[PDB]
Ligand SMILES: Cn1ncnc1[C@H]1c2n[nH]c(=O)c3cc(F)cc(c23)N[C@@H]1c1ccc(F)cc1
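Read the single chain below, which is given as structure tokens and is the form deposited without the ligand.
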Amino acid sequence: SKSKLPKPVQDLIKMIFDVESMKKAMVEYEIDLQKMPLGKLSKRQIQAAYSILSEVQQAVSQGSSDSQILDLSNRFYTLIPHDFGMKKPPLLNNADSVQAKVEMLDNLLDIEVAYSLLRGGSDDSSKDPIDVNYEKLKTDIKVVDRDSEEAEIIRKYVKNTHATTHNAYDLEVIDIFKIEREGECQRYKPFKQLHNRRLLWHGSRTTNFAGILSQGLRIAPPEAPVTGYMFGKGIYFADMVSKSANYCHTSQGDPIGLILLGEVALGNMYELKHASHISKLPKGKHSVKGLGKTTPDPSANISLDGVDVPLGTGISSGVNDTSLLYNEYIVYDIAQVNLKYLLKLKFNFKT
């Protein structure tokens, strides 16, 4: 049977469940697909690699020499087989190297979720595989009409918050989907009337979306080192579309990406200017706000279904001596997020 879902929804389902895209992410990470194919990836293997990556960063912080670092770095490559032929693998000594591996493991965890959905469950050739994969997401997905009110506001948010420092590309909104993850509205109930509820961006690689729609935005596992995240292990958002769009990791070889709009209950924000690898918030705080030098103009904030949308053009925030060019918002309880929209974007690279 043929799917009756709208063509943009079918194309969205096709992109997020693409096995060749999952394999392409694993080749980007120099993973040996003979020793670690897509089907042999498992949570316990990724969690054990996160634990070794914590032992690696623990020694870097404790001023250990390259002789001691070598043994811990080699251990990481044992757990996550990389394809280096008969050469020694790149030494994980610097912070930029260890940071990249924590981020690789974050993507691998979501890839394992997506592939587990495709491989678990049933096979029925009489149904359209698009319809079958759609149901695995347990998310109602509707197309938002271009000439509707919510679409005008969303397109204005995209139009106004593209940073001048991210000028290597411009964005075109292809499709706007209104999404409703089953059980999420009920989970959000304790926070639905909290103050400082804002509609914020969350960008991610396309290969992470089957996991985000099936399980919602999650916090990194306990094995993951708290130092591998600027503000510790939470759920990150931005008010500048391009800061979030950069996390799609699109390129001229793959210029289409996906970005989320989520209602986030920020409440009492813990304001910070530099990295703070916290395990828990201070008492009475509900989120972290990383203070950027630039913020969408606060006077241009508008309300969409009771939620504040900071869609104003970027202006100076008045914040001096901060590590951040733009704001970032972090929550440490998954129940503080209610996903609202999912956009498909075309990145027009100007380089």
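In case it trips you up, residue 1 is the first one in the sequence shown, and so on.
Although not depicted, the form solved in complex with the ligand is the subject of the following passage.
Counting atoms of the ligand, placed from its pose in the entry with it bound by superposing the C-alphas round the site, that lie within 2.4 Å of this form's backbone or C-beta atoms gives zero, so the site is open.
Proximity of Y77 to the ligand in the entry with it bound falls outside the 4.5 Å heavy atom cutoff.
Contact between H202 and the ligand in the entry with it bound is found at the 4.5 Å heavy atom cutoff.
At least one heavy atom of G228 is located within 4.5 Å of the ligand in the entry with it bound. Residue contact with the ligand in the entry with it bound: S73 places no heavy atom within 4.5 Å of it. Each of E103, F237 and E328 is positioned with at least one heavy atom within 4.5 Å of the ligand in the entry with it bound.
For the residues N160, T165, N93, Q99, the 4.5 Å heavy atom test against the ligand in the entry with it bound is passed only by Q99. For the candidate set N133, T139, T250, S244, a heavy atom within 4.5 Å of the ligand in the entry with it bound is found for exactly one residue, namely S244.
Only one segment in the set 150-158, 185-193, 228-236, 270-278 has any non-hydrogen atom within 4.5 angstroms of the ligand in the entry with it bound, and it is 228-236.
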